[PDB]
Structure formats: structure tokens, C-alpha cells
Amino acid sequence: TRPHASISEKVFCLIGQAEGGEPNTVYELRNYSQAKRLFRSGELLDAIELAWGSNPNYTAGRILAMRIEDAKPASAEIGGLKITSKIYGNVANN
Amino acid sequence: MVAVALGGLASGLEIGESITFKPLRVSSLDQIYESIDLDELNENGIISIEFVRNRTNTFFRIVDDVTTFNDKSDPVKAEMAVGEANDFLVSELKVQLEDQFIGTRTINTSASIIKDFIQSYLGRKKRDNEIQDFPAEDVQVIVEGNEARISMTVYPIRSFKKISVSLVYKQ
Amino acid sequence: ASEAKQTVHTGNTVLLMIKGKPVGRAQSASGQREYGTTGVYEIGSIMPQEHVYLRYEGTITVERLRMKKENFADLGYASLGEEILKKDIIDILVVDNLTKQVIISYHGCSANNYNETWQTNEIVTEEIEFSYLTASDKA
Amino acid sequence: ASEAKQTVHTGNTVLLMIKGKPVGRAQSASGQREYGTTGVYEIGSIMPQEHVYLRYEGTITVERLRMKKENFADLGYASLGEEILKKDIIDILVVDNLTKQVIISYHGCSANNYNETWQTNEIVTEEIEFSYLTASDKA
Amino acid sequence: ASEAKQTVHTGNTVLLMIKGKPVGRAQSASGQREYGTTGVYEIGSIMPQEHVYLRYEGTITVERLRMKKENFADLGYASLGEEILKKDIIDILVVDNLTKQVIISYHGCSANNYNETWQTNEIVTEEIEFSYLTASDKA
Amino acid sequence: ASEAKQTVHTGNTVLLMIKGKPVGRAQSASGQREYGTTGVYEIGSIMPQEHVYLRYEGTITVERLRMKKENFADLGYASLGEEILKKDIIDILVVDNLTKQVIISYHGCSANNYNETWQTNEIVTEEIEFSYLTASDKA
Amino acid sequence: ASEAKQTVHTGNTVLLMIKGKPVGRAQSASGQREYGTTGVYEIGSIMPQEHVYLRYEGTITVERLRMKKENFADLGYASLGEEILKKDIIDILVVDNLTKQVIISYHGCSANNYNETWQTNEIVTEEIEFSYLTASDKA
Amino acid sequence: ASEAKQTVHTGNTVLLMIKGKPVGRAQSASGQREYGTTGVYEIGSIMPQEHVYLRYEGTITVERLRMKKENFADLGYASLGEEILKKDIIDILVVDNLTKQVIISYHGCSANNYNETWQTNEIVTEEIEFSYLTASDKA
Amino acid sequence: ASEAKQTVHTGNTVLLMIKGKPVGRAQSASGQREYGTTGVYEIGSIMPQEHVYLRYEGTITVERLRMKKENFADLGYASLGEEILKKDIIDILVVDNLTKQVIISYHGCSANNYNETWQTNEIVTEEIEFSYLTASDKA
């Protein structure tokens, strides 16, 4: 069932204390479902939806965003494997 | 005999038209398979039939035309409709090349003339919508002696297969 | 002066080819086109604001001396009576004589008229005017 | 150079025949045709998609010096006044002088106009323009 | 007599330039304009009271010999088929050969037709007729 | 001749403005009115004694070429479907291009119909017919 | 001039689509609407006090050349006889050719008449006039 | 271009047949239909809620040149005076000339009017307008 | 071509006769009829069940140039004033010129209107429109 049905030129930048996703890398954004997938929490997630929810008529175009943090992923060495989390931040410990 | 029925349906379709999601008109199917099972079959290149009870009606539709060939990277091999269109187009191009050039009138039928004939043929086929598009500027011909080596590109008709809806209720 | 070094094309150094066959003893080949250039005007401005290309129209006329054999009627490119209904679309090329390199091509010509003239103490002449889908040049 | 070996037809080596009789001292014979080539266009495309042959139309004009006897009025092919109503359809042929071989034939010509001119110190001339059903060539 | 002292412009001392490139071996450049001058009349007076300029219309025709390289189709200013849809507005200048000083400029030309002619024992020729927005002269 | 000195208004020297914005590439603007002039008659007299103005009725039609952006549907003056119920009364002005001086004003226009036409090889056109409360001119 | 930069829509750069399929070789598409604008009057005032939109009415006419295959009767959008009773509501779109972007949409068209014409030496033509519920534009 | 490959029907390649006999020298055949599309409205909503097909009405007009023999009066399909009362229902077909394949059929035509015209120096013409029960197409 | 062999009737080969006398210098003769074809409908079916011929109505219009003698008023077929009350029913025939064979006959014509026109530098013309009981053709 692989084929199936299931159920502005002025580019704008945001930078600040995001609390989700790998930092030190620019991300190009188009929809806030993409934002929640990456920027789980913090002021950047509010800022993106504010930019696209800024005005009843007007909206920001594609947004360029970076999490500016020194975050690193949780990891473990056990058995014969080294295990690394794809998530970056304190939440990866869970 | 289900494969017989599928062959009777496919032979009735337009050239290049897919059996994908077409009705089968089978009465009842001894079906074990559900969605994940259908994924397992189709990813393996095994055609599967799904029973669908609509709100007020019932019909049996076939999910895809994937061929037994496993590797999906080349849809000419993996997909039957693309292969059928490729076979018919190639046979027509073969015949037209035969008539135009292997009449062997002269060696003076230089490479540029062959390039022009190719481009006119692809233009006609674009006009017929037998092909989606082709590069006008990226056809090359090299001729030496009695032999011409030709390379061309064609963009196949790009089919559209998947949709996902995220319905949200508010207020 | 020499053929390889002259900077201008001439009738001496150009062949006229149809269906892969050179047309023997053609006299002229005129190409006409019209892009239907329409200008856009307004109230409040004298000048045209812009020009839009509405429709493409093309014509080619080939003039030829009546060959004894292999004239257009016998050679099968022109036709007479109901035979027009059975003549498929034909493509004409204009090629360099030296390198056999396409100068321009008239993709899919189709006839408008077929004109003939016999006259006292003069060579018999023929003329066909084709409409064609599109023209293009390569290499 | 010689008649048998020249590759181009000329007025010297072509006879004009009507009703099986050669037309003596004809001066020219012009053949005109129109296929009514109409192009098909659409919304969404500048170019013509295809050309369709709507209607066939043909004309032949024969120019001749006024023979003393056997001019077209006396010979009975042209006619004057109500006599047009009684002249049946006529066929004209263009034939090779050497082998008496048909070059083209104009099946069923019928007159449009019959023009005459007398002038000082000049040969009298005649002209007929026929419409015809169809043209064709054989052998 | 000399170039610096002659009081009349001539084809010898004028260059035709397009997109900053001189057009090699152009033969003529005709400029046509119409102001749509309409006269105003009344009941009670025979004469026109005044003339009003209703609409501005302009045309330029450039005739050129078919260069071996860099003809208008190859050089990219003219175009064939659907390529017209992709050719941006082009500007043509008429410049003095001596001082490279603009005589007139045709702001934003766009093609109407692209005409070609091959003929026996004659130089191949080309002709483009452009519509243009406005003309002007400076310095 | 000149704009400042011509005694008659023309489409070249008049702008059409709506909501303070000039309408780009409008083609015509027709104003129609009816005063409902009824004549008063009697027994004892053939002629009308006087004419009374019963009712005022007004219409304006604006014709425009379909702009790529900012057509009437996108620009928000025309509307489709139930959106009519939400479009407030709109005022249209006819202004001199030179001095930006009001020639006439149509106080409070409201649409009657919104007409569109796509056609082969032709520019897309639009037409709106408004009813309006009153017209007036100032200065 | 170019397609991307022209400011006015044209029939060349617009596709007509029905049920997700482009209509091949359509000739025109006219959209008509009426808002039923009624004016409100009184005793004591000549002018209309306000205009009220009473009823929405819409029509679209599509003209098309009779395709050999896939004409409206064969393609299943038009219908003949009692088949009308079984044809569900259909939606027609007008789309930009370049970006496949909806210009306008006619939500739920339904036929009023289906007109055909065969004529001597002319292309066969077809016309359907639909009534539709509402129109709208997006993006 | 050719008959087998052209994508559009034309009057050249379509026959008009009645009672199994081809109609010789017909000039046009227009088909008109009306579905009686009525819209449903309410109090509380401006738009039409739905459209209902109330009644089917059909007309076909055939125009023909008055054949010497076998005109409609002599051939027995049209009739004059009380003879109408005795002419049974007749069926007309529109067929492809090439494959003799039915394009459409007008089941059970019956005449509305029979119109004739004699005129100076012009071909005599005839026209019949039939009402018919239903139309349909097969294969 | 010839009169005996042409397959189509023409104004040249048809005479218009009234009361056994040929009408000299008539210009046109139009015949109009209506059978009053009414369709029968029901509740429970969209289509018409059958068509019934309710009433027969016929008209003929004859246009003629005003003859010096023997115009319709002088010849006694038309009439002016109360003379209509005394003109009996008249029969008009349309006959072949060659064999004097009746093509159609209009049994018992009677006038509706008698129209005349004098105009500067033009031939005077006349027109009568008759109602008639029935039409028929024989042999």
C-alpha cells in the first residue's frame, strides 16, 4: 500500500535561545510543523509562529533560524556498542 | 485467473495508463493482508489487491503496478506502465530511424541532420504528450564511417502517488 | 574570398534539403514569420506600455525549376487533388554545403499552394508555399 | 543540351493539348492551386498545433495568339453569350512533345473568363482562365 | 569633404549598435513613427479647430546580410519558435562612427517579424522589423 | 496641440482613480444616467404641460485588461460569491492627469456585474458595471 | 515581453482545466455574473438611498473545437439525453500555464446547453454554457 | 495533416446520413440543446443552493442546396401540406467519412419548419429545423 | 456545367410563374413554413415523449423590380385600397425553365403586404408577402 492516501522575497532571520535541535547550524523554515519537529521549546518556537502569525493579512516568508547554544548529545558506551542520541540538549538524557 | 483478469484490464487501458487503483470487479478475495502486509508485498514487488468498502458501496482496487523486479531505483524495470511506454516509444523511434536513415542513401547525412531529426521527433512526441519534456539543447550525435552513435535524454511522465492530511479541529 | 574564409553566406555555398534528399536546381527559398506583436495602451498615457507576442505564424516559399524526373509531384512531396489528404507532415532543412551543417530547420512543413508555369522559350518553373509549425537552428 | 538528355523541362519541348488536339501557338500555361491550409491554435500555446486542409481550389490560365481559323470561339472550347450553358465539361492535358507522355492533366476544366485584345501594330492575343475539378499526373 | 567637416550624415560615417555590440554588415535602418494626429471639427465651421495626438506608434526595420557566424538567430537577438517567449526587451542604438556619440536611441525594441531569403547566385539577406516603446536623442 | 493648451479632454490626459489608487491599464469608462423625465398632459391640450423629474438612476461601466497582479478580484474592489456581502461602498473618481484635478466623481459606487473573458491569442479583459448613488464635480 | 515579466494575462499563458485535466484546444472562456443590485428609494427623495445585493447568479461559457477523441460527450463532462440525470456536479479551474497557479475557480459547474455545429470546409466547434454555484480565487 | 492523423474533426471528413442514405451536398448541421437548468434559492442565503435539470429540449437544423432530383420534398423526408400527418418519425445520423463510424445520432427527428429560397444568380438553398427526442453517441 | 447536366437548381434555370404568366424580372422567392411542432412531456420523465403537428402555417415572399408596364398593381395581382376585397384567390407556381416542369406549387396565395420603395439613383423595387393554403409538388 505504498501508493496511498493517509489522514515574500524579503527573507527574514531569527537568532536566539532556542531549546531544541542541533545548534551552530542555520535552518531554513517553511512551516511551524517543521519548527516543532526541531525547535521543541524556547523563544525561537514562539518567534517563528509569531512571524508567520504576525498580521491577519501579512506574513513572513521563509525563515532562517539558528539555535545559538553549546549543546551536545547524550551518549552511552555499553556492551559492544557506542550509543549516541540524535537529539541535542539536556532532554536527550531521558 | 486473477492475473488473467489483470491482464485483460491492462490490455484495455490506454498505452501508458496504469492499472494503479483501477477496479478489478472480483466478488470476494481470500485475503489475509492488511496495510502493513500490503506494504511488505508491494515493497517486494508483488502486486496486491485491497478490498475497499466505501460509505455506501464496495469495490476491489489494485494498489500498484509494481513488477516482480525488486530494485526500485529504475522505474522502467520496477514499474510496468513506464516499461510499456518505453517499449512502444523505442519501437516507434526504431522504425522511424530505419525509414529515415537505414535507407542508406548517402554517408553525407551528417550528424547535425540526425540531431535535427531526433529533435523533431521528440517535439512531435511532446506535442502528442507521449513524453513530458526533453532537453532541446542536450542531444548529441557522433558519426564515423557508416555508424552513428547517439545519446539523448527524455523526462518520463512523473506520476503522483501519496497524500497525507493533518486535520485539526478547533473552536 | 575562399569558401572557408568568407564571412557571409551565399546561395552558392548553401544546400536546400528535404526529407534527407538535396533539392536539385532550386532557385530561391524565402522564410517569413510573424509574432503577432500587439502593443498595450491605456487611458492616461500616449505610449504603448508593453508589447505581447500573441500568436506565431510562419511561411516558407520554395521556387524550383521543373526537373524532368523527380519534380515535386513525381517525387511525392507536393500532391494534386485528394492526394493532399494522404501526404504526411514533411520537414525541410537548410544546410551548409561545405560541412553539411544545419543552418536552420523548418520543423513540419505543410503545403499552402503549388504553382506551375509553362511559357514560350523559357524554362518551366515551380513554386510551393508551405506553412510550418516551428523553425529552429542547432550547432 | 540535347532534348533527350536535358534534365529540365522547357516550353520548347512541351505540348499543350485539349480534347486530344494540340493547341497551336499557345504562349503560356499557368497552373494555380490553393489547399485552404488553416492552422489550429489554442488558449495556452502560442504556436499552431496542426494545419488542416479545408478546401481544394484550382485555376489554370491559357494564353494564346488569335489563330485565323480555329480560335477558341470557332474551335468550340470557349463560347460567347448563352452558348456557355451548352458547352460540356472539357479536359486539358500538358504532354511531353517527344514521347507524347502526359506530364500533368487538368481533369474537367470549365471557363471563368474569355479575354481578347486587338492593338495597333501588334499580334492579337487571347486568354482563358478555367476552373477545374482536380489535377493529377500518371506514368 | 572630410569626415569631420561634412555637414550631412551618411551611411559611411554611422554605426548601428545593439546591446553595446556593433552590428556588422547591416545594409539599412529605417525608422517609422505615427502620432495618431486626429483633427477636431464642429458643426458651424469647415476647418479643423485643432489637432490632438491620440497615440504613439513606432517601428524600426533593420536589414542585414546573413553573417556566417553571429547572425541574429545565433547571436541571440532574433529567435525562432517558442524562444520568443524568453527573449527580454532589447535596446538598439544608432551611433556616430567617429566620436561614438549617440545620434538616436530606440528604447526597448521587440521583434514583429524575422525574414530570410536564399537565392541563386546572390548574397543571403535578413530583415527584422521591431516595435519599440519610445525613441530619443541625447547630447 | 500641447497638453496644457488643448481645449478638449482625451483618454491620454485623463486618469481613472479608485479609492485613491490609479487604475492601471483601464480601457474605457462610460457614465450613464436617467432622470425619469415624465411629461404631464391633460384633457383639453395636445402638448405636454411640463416635465417632472421622478427618479434619479445612474450607472458607470469600467472596462479593464486583466492585470497579472492587482486585478479587481485580487485588489479587493470586485468580489466573488458571498464576498459581495462584505465589500463596503466604494467611491470612484475621474481625475485630470496633469493637475490631479477632479473632473467628476461617482459618490459610492456598488457593483452590478463582474464580467471576464479569456480568448485565443488575445488579451484577457474585464468589465464591471457599478450602480452609484450620485455624481458631482468640484473645482 | 517575456512570459515571466509581462504584466497582463493573455490566452497564450493561461490553461483551462476541468476535473484536473487540461482542456485541449479550447478557444474561449467567458465568465458572467450578476449580483441583482436593487436600489432603495423613498417618497421625499429623488436619489437611491442604498443598493442591496438580492441574489447571486453566475454563468460560464466554454467554446471548444471538436476533438477527434475526448470531446465533451466522449470525455464524459457533457452528456446527451437522460444521461444528464447521472452526471454529478463538476468543477472547472482557470490556471496559469507557467506556475500551474489557480487564477480563478468556478466551484461546481453544471450545464445549461450543449451546442454543436458542422459546416462546409470549416472546423467543427462546440460550446457549453454552465451555471455554477460560486466563484473564488486563492493564492 | 493527413485524415487519419488530424486531431480535430472537420466538415471535409464528416458525412451527414439520414435513414441510412448520405445527404448529398449538405452545407451545415447545427445541434442545439437546453437542459432547463433552474437554480434553487432560499431566504437566508444569496447564492443558489443547487441546480436541477427540469426539462430536456433539443433541436437540429440542416441546411442543404436544392438538389435537382432527390431534394427533401421529392426524397420524402420533408413534406408539404397535410402530408406531414403521414410522415413517420425519422432518425438522422452524423457519421465519420473514413470508418463510417457514428459520431452522434439524433434519435427520432421530426420537422419544425421547411424553408426555401430562390434568388437571382445564386444557388437555390433549403433549410429544415427538426425537433428530436434524444441524442446519443456510441463506440 | 451544362444546364441539362448540373445537379443543383439555380436562379438562372428556374422561372417564377403566376396565373400561367411568367413573372418578368423577379429577384427572389422565399418560401417559409411552420408545422407548429409541440412536444409532449409528463411528470416522471425529463424528455419529450412525442411531437405533434398542431397547425400548418405558410408564407411566400416575392421580390420584384418595378416594371414600367404590368407591375403587380397594374397587372392585377396586387391591389390597393378596397380592391383587396374583390381580388380572388390566386395560385403561384415555381417551374423549371428548361422543361416547363413544376418544381413546387403554392396553392391559393393571398397577400399580406405590398411594399414599394423609390430611392435616389437606384432601381425601384417591389415586394409582396402572401399567405397560402398549402404547397405541393408533382411529377
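We call the chains A, B, C, D, E, F, G, H and I, going by the order they appear; numbering starts again at 1 in every chain.
Operating definition for what follows: a contact is a pair of C-beta atoms (placed from the backbone, for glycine too) under 8 Å apart; a residue touches a chain by one contact, two chains touch by 3 or more.
Which chain is which protein? Per UniProt: C, D, E, F, G, H, I = Capsid protein.
Undergrad: Per the definition at the top, count C-beta pairs in contact and tell me whether H-I or D-I has more.
TA: If we tally the C-beta pairs in contact for H-I and D-I, the bigger total goes to H-I.
Undergrad: Test of understanding: which option in D-F, E-G or F-G shares over half of the contact pairs of G-H, residue numbers taken as the match?
TA: It is F-G that repeats the G-H interface.
Undergrad: If you average the Cα atoms of chain B and of chain D to get two centres, how far apart are those centres in Å?
TA: 55
Undergrad: So how far apart, in whole Å, are chain A and chain E when each is placed at the average of its C-alpha atoms?
TA: A distance of 58 Å separates the two centres.
Undergrad: Could you grab the centroid distance between chain A and chain H? Build each centroid from C-alpha atoms only and quote it in angstrom.
TA: So the centre of chain A lies 68 Å away from the centre of chain H.
Undergrad: Which chain F residues touch at least two other chains?
TA: Those would be 11-12, 25, 65, 81-82, 84-85, 118-123.
Undergrad: Provide the residue numbers of chain G that touch chain C in the complex, in ascending order.
TA: Residue list for chain G touching chain C: 1, 6-8, 10-12.
Undergrad: Under the definition above, what is the set of chain D residues touching chain E in their complex?
TA: Touch residues, chain D against chain E: 46-47.
Undergrad: Tell me, which parts of chain G touch chain F in their complex?
TA: So the residues of chain G in touch with chain F come to 6-12, 14, 16, 27-35, 37, 39, 41, 46-51, 53, 56, 94, 104, 107, 134-137.
Undergrad: So in the complex, the part of chain D that touches chain G is made up of which residues?
TA: Against chain G, chain D makes touches at 36, 38, 40, 42-46, 49, 52, 54-55.
Undergrad: Would you pull the chain F residues touching chain G in the complex into a rising list?
TA: Contact set of chain F toward chain G: 25, 53-57, 65-69, 73-74, 80-85, 110-124, 131, 133-134.
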